[PDB]
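K.L.:
Before I ask anything, let me first share the structure, which is written out below as structure tokens.
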Amino acid sequence: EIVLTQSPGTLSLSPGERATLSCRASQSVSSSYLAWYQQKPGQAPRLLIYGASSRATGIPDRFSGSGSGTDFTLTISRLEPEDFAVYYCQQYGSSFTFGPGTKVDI
Amino acid sequence: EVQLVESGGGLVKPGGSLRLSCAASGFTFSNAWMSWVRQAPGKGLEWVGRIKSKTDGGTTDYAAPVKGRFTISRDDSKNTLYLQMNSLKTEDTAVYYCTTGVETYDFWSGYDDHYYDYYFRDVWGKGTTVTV
Amino acid sequence: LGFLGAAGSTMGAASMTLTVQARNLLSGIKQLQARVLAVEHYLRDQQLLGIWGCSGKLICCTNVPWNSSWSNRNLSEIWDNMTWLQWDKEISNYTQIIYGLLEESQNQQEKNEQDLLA
Amino acid sequence: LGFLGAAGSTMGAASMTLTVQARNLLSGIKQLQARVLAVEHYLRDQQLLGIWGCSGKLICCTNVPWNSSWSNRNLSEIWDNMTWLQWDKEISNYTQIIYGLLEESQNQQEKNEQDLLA
Amino acid sequence: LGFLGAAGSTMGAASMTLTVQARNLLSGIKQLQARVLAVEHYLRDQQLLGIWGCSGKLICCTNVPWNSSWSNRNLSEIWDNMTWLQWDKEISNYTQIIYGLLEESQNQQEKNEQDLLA
Amino acid sequence: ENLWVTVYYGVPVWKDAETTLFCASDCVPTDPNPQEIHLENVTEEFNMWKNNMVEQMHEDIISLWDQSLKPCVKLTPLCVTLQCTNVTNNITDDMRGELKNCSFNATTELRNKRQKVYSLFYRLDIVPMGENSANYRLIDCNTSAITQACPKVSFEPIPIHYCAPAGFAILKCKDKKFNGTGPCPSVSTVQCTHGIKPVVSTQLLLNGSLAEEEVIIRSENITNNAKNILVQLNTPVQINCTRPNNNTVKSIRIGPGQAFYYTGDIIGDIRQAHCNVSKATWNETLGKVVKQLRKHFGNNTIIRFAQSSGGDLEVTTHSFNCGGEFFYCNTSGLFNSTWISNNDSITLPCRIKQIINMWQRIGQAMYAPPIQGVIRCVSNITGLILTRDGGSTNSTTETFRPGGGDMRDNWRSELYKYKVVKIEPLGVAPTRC
Amino acid sequence: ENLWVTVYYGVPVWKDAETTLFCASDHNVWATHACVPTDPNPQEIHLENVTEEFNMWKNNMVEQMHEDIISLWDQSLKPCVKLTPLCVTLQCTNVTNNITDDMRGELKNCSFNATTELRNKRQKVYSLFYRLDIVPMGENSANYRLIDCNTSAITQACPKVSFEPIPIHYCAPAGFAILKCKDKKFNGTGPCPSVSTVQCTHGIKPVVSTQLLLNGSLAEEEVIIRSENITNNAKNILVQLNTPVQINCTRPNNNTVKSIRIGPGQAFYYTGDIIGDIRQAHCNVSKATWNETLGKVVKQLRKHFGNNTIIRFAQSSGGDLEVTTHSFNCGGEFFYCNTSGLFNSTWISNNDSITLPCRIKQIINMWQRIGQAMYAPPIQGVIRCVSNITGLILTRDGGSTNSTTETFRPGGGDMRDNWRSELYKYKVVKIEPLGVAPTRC
Amino acid sequence: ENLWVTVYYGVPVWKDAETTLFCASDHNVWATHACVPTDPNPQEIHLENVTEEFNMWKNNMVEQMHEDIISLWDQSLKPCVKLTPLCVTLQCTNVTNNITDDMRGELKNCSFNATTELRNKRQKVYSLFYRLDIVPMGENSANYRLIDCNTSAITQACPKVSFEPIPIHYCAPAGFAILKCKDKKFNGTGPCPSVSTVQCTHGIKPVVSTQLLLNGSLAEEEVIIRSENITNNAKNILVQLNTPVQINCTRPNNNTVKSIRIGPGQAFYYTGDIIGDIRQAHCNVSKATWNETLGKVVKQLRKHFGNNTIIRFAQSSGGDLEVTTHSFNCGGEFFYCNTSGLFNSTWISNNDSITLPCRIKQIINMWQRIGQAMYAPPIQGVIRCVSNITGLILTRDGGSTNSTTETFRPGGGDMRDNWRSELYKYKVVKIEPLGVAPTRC
Ligand SMILES: *[C@@H]1O[C@H](CO)[C@@H](O[C@@H]2O[C@H](CO)[C@@H](O[C@@H]3O[C@H](CO[C@H]4O[C@H](CO[C@H]5O[C@H](CO)[C@@H](O)[C@H](O)[C@@H]5O)[C@@H](O)[C@H](O[C@H]5O[C@H](CO)[C@@H](O)[C@H](O)[C@@H]5O)[C@@H]4O)[C@@H](O)[C@H](O[C@H]4O[C@H](CO)[C@@H](O)[C@H](O)[C@@H]4O)[C@@H]3O)[C@H](O)[C@H]2NC(C)=O)[C@H](O)[C@H]1NC(C)=O
Ligand SMILES: *[C@@H]1O[C@H](CO)[C@@H](O)[C@H](O)[C@H]1NC(C)=O
Ligand SMILES: *[C@@H]1O[C@H](CO)[C@@H](O)[C@H](O)[C@H]1NC(C)=O
Ligand SMILES: *[C@@H]1O[C@H](CO)[C@@H](O)[C@H](O)[C@H]1NC(C)=O
Ligand SMILES: *[C@]1(*)O[C@H](CO)[C@@H](O)[C@H](O)[C@H]1NC(C)=O
């Protein structure tokens with residue numbers, strides 16, 4: 001069970017700004033097992049990016065990720081009103097242990 | 001229709017048992033491994049467990065808080081999953097979601113295979129609740 | 001009349017057309033097979049006429065008697081009152097024997113005798 | 001001379017080379033087809049000679065006389081002054097009349113007469 | 001004796017079974033080729049006998065005498081002690097000549113003489 | 001005194017035989033002169049169903065058919081998931097669901113590229129692969145490859161003549177009342193048969209020989225139920241078939257010199273293909289067939305013409321080739337009556353298939369390219385195939401319905417006049433000498 | 001003496017000749033429909049006093065059999081599924097199902113990407129291959145391919161067509177005849193004093209094998225050794241036994257056959273699960289009928305070589321598996337059995353079974369050519385075959401030390417020897433019935 | 001007293017006929033094993049005083065030869081690799097390695113991704129192609145495809161098969177003979193005063209060429225001009241020389257040949273790097289011999305055309321390269337050489353050399369059909385071709401004013417002309433041994 005602690009937790013940016021999100025774990029798992037989701041309040045979450053950099057379908061081009069050992073990241077180059085959601089970091093190391101969730105506000 | 005059927009509703013007591021169930025056609029077991037995720041109000045997502053499809057075996061992994069008496073199974077006929085819950089705990093006051101994904105390939109040729117589209121779509125249910 | 005024009009006629013009449021059915025008896029694999037088969041059929045009969053001393057003949061008088069076992073005979077009955085199709089069917093069973101003893105009664109009983117007189 | 005050596009010779013002289021010509025009438029799918037056709041042509045001529053009573057023999061005498069119409073010449077010329085190539089080309093328009101006459105006047109009738117000698 | 005039964009026999013006795021051999025000289029792709037070979041082989045021997053004036057004969061008579069160069073044995077022995085396999089081996093060399101002289105003295109010469117006597 | 005063996009060569013005697021025949025056409029050229037030789041006073045006993053010319057024709061036509069498809073494009077690269085909806089072009093009520101507008105990803109001359117291709121297909125050529133009824137495939141992609149190219153090669157029934165090989169002869173029966181019920185008293189010798197048009201059909205016999213004096217019935221065993229009855233008419237029935245849709249033929253390459261043809265948009269309202277049989281003519285035709293059935297079946301009774309019983313479409317409906325496309329036309333209006341012992345057309349609705357299975361075998365498949373414009377067919381119904389019901393209440397009221405879709409039964413109606421005999425010129429007989 | 005030439009037609013005289021022969025039968029790979037069925041009417045001449053000389057090695061009847069059967073294999077396997085779509089990388093692991101130590105690492109579970117009925121979709125199967133069917137890449141532990149995908153495409157399916165060595169008879173065309181030897185000690189070393197003739201030979205079973213000749217014609221009286229030149233160690237020695245040795249072979253694994261479709265009507269069959277435990281394939285030769293039987297080979301060797309000579313039977317030399325082991329066809333499946341327990345003993349001039357291990361290949365090069373390859377289909381259930389050892393193909397080694405210790409080994413990769421061993425009794429001759437002779441006339 | 005009809009069998013009489021001739025010889029595409037070795041004895045029957053009429057252009061013996069040569073090619077090209085998997089985008093520019101000015105743009109260095117033995121792996125392959133074999137894709141700046149990928153597949157590797165013009169003899173079936181013309185001045189029409197017959201013709205080398213006929217029968221005495229209609233424009237003028245002109249062609253580039261697998265035993269060969277500087281391929285024709293030879297042709301043209309006529313030779317008209325250049329096979333390679341320096345003069349009424357530049361092409365259609373294509377594998381090292389110019393195929397410019405100054409230029413687009421030039425000596429005749437003549441008896 002990989003332990004994640006999302007560093008921003010409370011990110012607040014106007015629409016049009018870059019929402020840099022970050023998550024960290026002490027356990028080392030290959031970057032293949034990095035995954036980010038987006039959860040709109042009142043809705044089930046959806047997968048944005050799996051495999052650190054590979055993108056899910058139905059996702060805008062502004063979404064891109066990367067990572068390696070402990071430092072894993074997600075970039076949303078420009079926020080749109082539809083992107084104000086809680087983001088989650090998942091380390092699929094045989095267990096999808098998720099981090100606490102980072103809220104992106106205005 | 002890439003939409004999982006929702007079930008597992010109803011009222012239970014902690015001093016009892018609850019069985020949750022889900023899943024749908026299209027994203028069938030022959031093309032997918034499925035899992036359960038839960039979320040308490042005010043909390044982030046927590047993984048419950050995952051079960052592999054028929055072919056590769058089906059070994060199921062579980063998160064520590066749900067080991068032993070909160071198991072997961074696969075039907076193999078109607079493509080549905082079940083999650084068994086017993087002796088409910090206060091940490092179980094969460095929304096239980098059904099979720100999985102299909103990697104779809106569409107090859108442009110029956111000769112070389114590096115000229116292929118590729119699609120990776122995840123599907124989620126809406127989530128049921130546990131009346132602890 | 002043409003080929004088989006006399007097939008249904010009297011044996012004694014049909015004997016006047018023996019060159020008619022002789023002349024045109026012998027004129028992708030399935031076609032080559034027909035060409036080869038026609039040749040083998042033709043030659044098997046010529047080989048036999050050769051053995052019997054009928055090479056190049058339409059009609060041969062042999063040195064072998066006619067056993068009544070084969071027909072009750074009135075020269076009118078055989079030649080004037082019956083067709084070749086009908087005859088061949090009456091004498092069908094015996095045939096093989098005629099051909100057999102005929103070749104045995106010829107050649108080794110004729111040409112060896114000829115050399116003894118040279 | 002060899003095969004066709006007599007082609008430029010007169011008919012009289014050429015009649016003495018009849019066996020060089022006869023010996024040369026007989027010997028992927030094309031190899032087989034060509035071989036079969038050579039056989040078929042040989043046999044067609046042998047059957048025709050057999051019908052006329054010319055089996056075996058190189059030179060025949062027949063019972064069909066020559067209608068004068070077929071020629072403006074005589075034994076002074078047909079044989080000493082012409083070659084066979086020249087000759088055949090002048091009578092090609094009687095070939096099927098003659099063959100028909102020989103079939104009927106040779107074995108078709110001669111062998112009936114032979115049975116009548118019993 | 002059956003087919004080739006006389007192969008080990010004295011030439012004299014063996015000459016009395018000529019019909020057993022004469023009888024049996026006629027009948028994925030290879031089987032068709034094999035049938036064509038059997039036919040051509042048969043015809044080549046028949047043509048040669050026909051040219052020599054032996055069409056239809058199992059036993060010939062000639063006008064070409066036997067020069068002693070071909071063999072040094074008595075007329076009785078070349079019939080009472082020897083078999084055909086070993087004879088043929090004594091005269092193998094020179095066989096492609098007997099045929100030459102035999103043919104030249106036979107039909108192309110005798111037939112010319114015959115027309116001159118008609 | 002006694003009789004002495006005489007050998008005769010050139011004796012005109014026949015034996016039953018089976019050999020290959022030469023196939024001649026307009027194969028080798030047909031000799032323009034049939035060389036029929038004088039009808040002679042012989043009686044020859046022969047029959048159908050025990051004949052060999054039919055079986056040989058069946059094998060010959062199959063070989064020729066395949067030889068014209070071998071040097072053509074395989075459509076295997078197109079066996080991909082298809083997606084589609086209904087065609088929306090003022091579709092009539094009788095065509096609902098008959099056409100689908102499907103897209104697929106086609107290959108190109110270069111390995112690297114794709115074409116997005118739209119085409120129309122007839123419903124019978126498409127199978128639902130489930131996974132949402134919007135994912136279908138071509139019907140024969142789970143069997144051997146479907147072949148299509150060579151639109152330049154026709155399907156026309158060009159006449160074939162069968163010619164005897166040397167040493168053989170073909171006897172021809174001229175008995176106007178000929179049947180399999182005994183010998184033929186009127187026999188001529190021919191060198192070649194007349195030309196037979198190799199028309200393909202599973203129900204009605206089109207463009208064949210016509211009976212000359214009366215409607216006649218032929219069968220291997222008319223009192224069995226296991227045998228088909230071949231009925232030959234003496235008055236051709238006119239049938240007019242059409243597909244009144246102004247189509248488009250498009251062509252794309254699917255590979256290196258590999259062309260594929262397909263149905264494009266259809267101009268005008270979509271309507272059903274159909275056949276027209278004159279009603280009065282059909283009524284007279286059946287009455288005559290009934291008069292003849294009453295000679296073999298109990299007379300003074302009532303008999304019925306019923307609907308086919310079921311099976312694959314190929315044998316349940318009327319299958320035929322015309323224009324260059326295949327039709328599967330319903331005959332319910334032709335076989336729906338009973339007969340009592342005491343301008344107005346019949347409209348027959350049709351179905352169309354583009355992917356065709358052949359002569360009761362499943363080792364191949366072929367796709368017929370579409371024809372540009374509107375196709376119309378006019379043909380002569382010269383015969384009819386009936387199957388007798390397997391028993392009846394009180395062994396009365398005989399009922400017949402369409403059936404007998406096997407291809408051999410079509411040639412039995414053309415080759416019934418011919419027999420192959422071997423000539424055996426050598427015979428023995430007795431004379432004084 | 002004024003003697004006169006004459007001609008006789010129908011003279012019984014033979015010439016050596018080479019012609020083609022007809023295939024006479026008595027689907028299937030060997031006795032195909034394009035083979036003539038014949039009447040049960042063998043004929044002979046009731047052997048007369050005819051002496052003829054003929055031999056083996058230079059007998060072209062053998063060459064015709066060899067080339068003709070290749071032409072059947074090359075057509076019988078054309079209308080079958082190409083396995084080119086299966087030349088993919090494989091992810092293989094060990095199978096772990098009660099495997100005996102002798103079979104450890106012998107089987108591999110491999111998981112590959114196969115094409116299917118549709119061209120744009122693919123599926124993942126899970127089949128078992130024998131270690132000998134697979135070659136590793138990159139010195140990996142998890143990157144494998146089929147053994148012949150880097151040479152001519154492997155083609156094979158058609159499980160419905162039998163490989164059973166159904167006998168074929170050879171028949172001469174008219175004008176030709178086949179001479180048949182009836183000697184009991186016939187060798188190629190001179191004339192056969194007692195001969196007869198046939199139009200058609202007896203049936204020969206085209207049994208495929210490389211070291212022990214199976215299901216052939218047994219010698220009538222004594223073990224006989226034949227060779228082209230016994231002195232020359234480059235030649236093979238064909239030993240025909242006068243007593244059969246029974247050999248019992250099996251693959252004792254209750255295999256389940258699975259089938260997937262690769263493409264448009266293109267089926268593929270692949271061992272998919274093994275009921276029960278895993279055991280090694282093997283053959284049993286009784287010691288009782290092997291240890292004494294071999295002594296008769298030795299008794300004959302002692303007449304060709306010096307007597308009072310020590311000889312040894314050694315195992316094979318190695319190299320390609322196909323020429324090192326006892327290759328044979330058992331029920332349609334190909335076996336490559338070790339012979340080490342049969343050829344280990346030595347001989348001087350002064351019950352128990354022998355069990356030998358076998359390995360199985362599915363992908364084989366059926367002949368000495370390397371431009372073709374085939375994947376023999378799997379067989380459902382357990383296969384057992386019983387066959388007769390009729391003879392041996394031996395190779396004598398070379399060199400000479402004090403003119404002793406002659407060592408013999410099983411071997412020889414050529415199959416011509418498998419027909420030379422049965423066609424030794426036949427010669428083809430042409431009949432030339434036109435004979436010329438002296439006479440009086 | 002009258003004459004009787006008598007029959008003579010064995011009569012020396014001829015009729016015109018068309019039959020199937022046998023292929024006879026003395027592996028290849030043309031000189032295959034399925035061709036019968038000829039009898040080594042030149043059994044001509046010698047000359048006799050027979051004056052047979054025969055000709056060219058109406059002679060079916062040539063047409064039969066044409067059909068057989070094409071069919072043999074298809075038999076040899078069919079059982080080989082397919083290059084369809086190479087119809088991919090080629091990324092190339094004019095990358096050079098000391099390429100001379102005359103060769104700028106002749107070679108392109110193309111990188112592409114070929115398929116390989118396993119489906120899941122890819123090649124990164126560089127191949128140096130001749131410019132004539134690739135075309136711009138979409139008319140872009142650096143995207144090319146093989147020139148024939150939009151027609152049927154290009155099919156060829158199999159470098160082991162030779163394209164050498166080993167001579168083929170034509171033999172008649174029994175009952176037929178071939179009439180051979182020994183008239184040294186024989187035209188293509190009319191009687192031949194000197195006729196001998198043969199059973200088999202001499203061997204004719206199936207050299208495929210265009211405007212200059214190579215390695216054929218040379219005229220015995222004089223230059224002979226043969227045409228169906230010498231005064232027309234629709235007919236070619238086929239000119240046979242009475243002296244060879246020596247021509248030496250070369251590709252002076254030490255090419256390396258590399259190979260990859262495309263698939264399961266499917267090899268592809270391609271030009272790799274080239275050692276040394278790059279020079280243009282060319283043909284050297286001796287100048288003095290060529291000028292004397294052409295002068296002889298002009299004098300002979302004046303015997304069919306009028307007197308005091310200026311005769312001039314122009315280059316070819318253009319259009320497809322295949323009918324504009326001198327096209328020939330050498331060692332399996334295909335040359336397309338210019339003839340501009342051979343036909344550039346006017347002829348008046350009263351160790352130098354000619355150098356012809358060449359443009360080598362790898363993908364050809366070879367005949368006069370575009371329903372196929374073949375890739376000629378490269379040859380390792382430097383190739384040198386030595387051959388004899390035996391004759392020319394010329395065409396006349398149609399259209400003239402006042403009958404003056406006729407112009408000729410090279411033609412020969414059809415292949416039949418290449419064989420018409422060597423079969424002018426032969427006619428096929430059927431022998432009809434049965435004749436009838438009158439006599440007394
Ligand atoms: C035969 O065919 C099969 C398919 O039928 C094929 O298997 C695939 O192979 C390809 C290539 O190796 C794999 O593609 C790569 O996968 C990388 C990692 O993806 C990860 O995530 C996958 C999904 O899990 C997520 O989603 C579920 C559902 O929502 C969720 O529960 C999870 O928590 C998680 O969010 C997962 O399936 C996958 O695990 C498999 O694959 C890895 C790698 O092979 C392997 O180690 C595992 O054992 C397991 O088999 C993995 O965890 C991904 O990073 C990589 O992306 C690169 O390529 C793409 C383009 O392809 C680029 O866009 C991108 O930028 C990167 O460069 C790539 O997608 C694929 O995942 C396999 N699929 C499966 C089901 O195994 C076989 O390889 C084929 N051949 C053989 C040899 O059999
Ligand atoms: C045959 O002829 C005899 C003459 O006595 C006669 O009595 C007999 O009835 C005839 N038989 C027939 C007609 O065969
Ligand atoms: C003779 O010839 C003339 C013309 O050929 C013909 O009218 C006549 O009938 C012939 N007579 C004979 C003998 O055939
Ligand atoms: C042949 O007859 C012609 C007249 O018809 C005559 O001029 C010629 O001299 C005759 N020849 C001889 C000598 O018989
Ligand atoms: C006998 O024939 C031989 C053949 O070689 C010949 O050499 C020899 O001289 C002949 N003798 C006579 C007199 O012909």
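Just remember, in the structure tokens the first chain shown is A, the second B, etc., residues are 1-based per chain, and ligands are 1-based in the order shown.
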Distance limit 12 Å, atoms considered: only C-alpha atoms. Which chain B residues sit that close to chain A? Return them as an MDAnalysis selection string.
P.N.:
chainID B and resid 35:52 59:65 95:104 117:128
K.L.:
Which neighbours of residue 15 in chain D fall inside 9 Å, counting only C-alpha atoms, when residues of the same chain fewer than 2 positions from it are skipped, and could you give them as a list in words?
P.N.:
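Non-adjacent residues within range: residues 6, 10, 11, 12, 13, 17, 18 and 59 of chain D; 108 and 112 of chain E; 8, 9, 10 and 11 of chain H.
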K.L.:
Take the residues from that selection and put them in a file with N, CA, C and O atoms, as a short mmCIF file (atom, residue, chain, number, x, y, z; two decimals), in the first residue's frame.
P.N.:
```cif
data_model
loop_
_atom_site.label_atom_id
_atom_site.label_comp_id
_atom_site.auth_asym_id
_atom_site.auth_seq_id
_atom_site.Cartn_x
_atom_site.Cartn_y
_atom_site.Cartn_z
N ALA D 6 13.68 -37.17 -101.65
CA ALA D 6 13.10 -37.32 -102.96
C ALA D 6 12.10 -36.23 -103.30
O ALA D 6 11.49 -36.27 -104.36
N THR D 10 11.52 -36.78 -109.52
CA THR D 10 10.29 -37.04 -110.19
C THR D 10 9.58 -38.17 -109.47
O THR D 10 10.20 -38.91 -108.70
N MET D 11 8.30 -38.32 -109.75
CA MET D 11 7.46 -39.31 -109.10
C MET D 11 7.98 -40.72 -109.27
O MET D 11 7.92 -41.53 -108.34
N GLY D 12 8.47 -41.04 -110.46
CA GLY D 12 8.97 -42.36 -110.72
C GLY D 12 10.12 -42.67 -109.78
O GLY D 12 10.09 -43.66 -109.05
N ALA D 13 11.13 -41.82 -109.77
CA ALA D 13 12.27 -42.04 -108.91
C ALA D 13 11.89 -42.05 -107.43
O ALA D 13 12.39 -42.87 -106.65
N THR D 17 11.59 -44.50 -102.65
CA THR D 17 12.01 -44.03 -101.33
C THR D 17 10.84 -44.01 -100.35
O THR D 17 10.85 -43.30 -99.34
N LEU D 18 9.82 -44.81 -100.63
CA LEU D 18 8.61 -44.80 -99.83
C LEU D 18 8.87 -45.18 -98.37
O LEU D 18 8.13 -44.76 -97.47
N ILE D 59 2.71 -50.17 -101.92
CA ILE D 59 2.11 -49.93 -103.23
C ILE D 59 0.89 -50.85 -103.50
O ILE D 59 1.02 -52.09 -103.48
N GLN E 108 10.04 -52.26 -100.61
CA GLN E 108 10.29 -51.26 -101.65
C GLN E 108 10.92 -51.84 -102.92
O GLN E 108 10.93 -51.18 -103.95
N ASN E 112 8.10 -53.09 -106.44
CA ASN E 112 8.37 -52.47 -107.71
C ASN E 112 8.38 -53.59 -108.73
O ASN E 112 7.78 -53.48 -109.81
N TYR H 8 -0.09 -44.91 -103.24
CA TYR H 8 1.30 -44.95 -102.83
C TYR H 8 1.46 -44.42 -101.43
O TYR H 8 1.09 -43.28 -101.12
N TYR H 9 2.03 -45.22 -100.55
CA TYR H 9 2.21 -44.76 -99.19
C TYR H 9 3.67 -44.53 -98.92
O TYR H 9 4.48 -45.43 -99.09
N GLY H 10 4.00 -43.34 -98.46
CA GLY H 10 5.37 -42.94 -98.24
C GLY H 10 5.77 -41.86 -99.25
O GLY H 10 6.92 -41.75 -99.66
N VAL H 11 4.79 -41.12 -99.71
CA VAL H 11 4.96 -40.05 -100.67
C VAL H 11 5.51 -38.74 -100.05
O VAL H 11 4.97 -38.25 -99.07
#
```
K.L.:
To check your reading of the model: which residues sit at most 8 Å from ligand 4 when counting only C-alpha atoms and all ligand atoms? Write the answer as a PDB file with C-alpha atoms, in the first residue's frame.
P.N.:
```
ATOM      1  CA  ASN D  72      -4.897 -33.604-119.297  1.00  0.00           C
ATOM      2  CA  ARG D  73      -1.905 -35.957-119.288  1.00  0.00           C
ATOM      3  CA  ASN D  74      -0.766 -39.595-119.514  1.00  0.00           C
ATOM      4  CA  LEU D  75       1.846 -42.094-118.183  1.00  0.00           C
ATOM      5  CA  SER D  76       4.427 -40.359-120.368  1.00  0.00           C
ATOM      6  CA  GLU D  77       4.259 -37.412-118.025  1.00  0.00           C
TER       7      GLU D  77
END
```
K.L.:
Can you give me the C-alpha RMSD, to one decimal in Å, for chain C fitted onto chain D with all Cα atoms paired in order?
P.N.:
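Computed on C-alpha atoms only, the RMSD stands at 0.8 Å.
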K.L.:
Could you tell me how far CA of residue 90 in chain E sits from CA of residue 22 in chain D, in Å to one decimal place?
P.N.:
29.3 Å
K.L.:
Just need the residues of chain H within 7 Å of chain D, counting only C-alpha atoms, so spit them out as a list in words.
P.N.:
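Listing them in order of chain and number gives residues 3, 4, 5, 6, 7, 8, 9, 10, 11, 12, 13, 14, 20, 22, 34, 45, 48, 49, 50, 173, 174, 175, 433, 439 and 441 of chain H.
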K.L.:
For chain D, which of C:114, C:55, C:81, C:109 is the closest residue, counting only C-alpha atoms?
P.N.:
C:55
K.L.:
Nearest residue to ligand 1 out of H:324, H:120, H:316, H:43, using only C-alpha atoms and all ligand atoms?
P.N.:
H:120
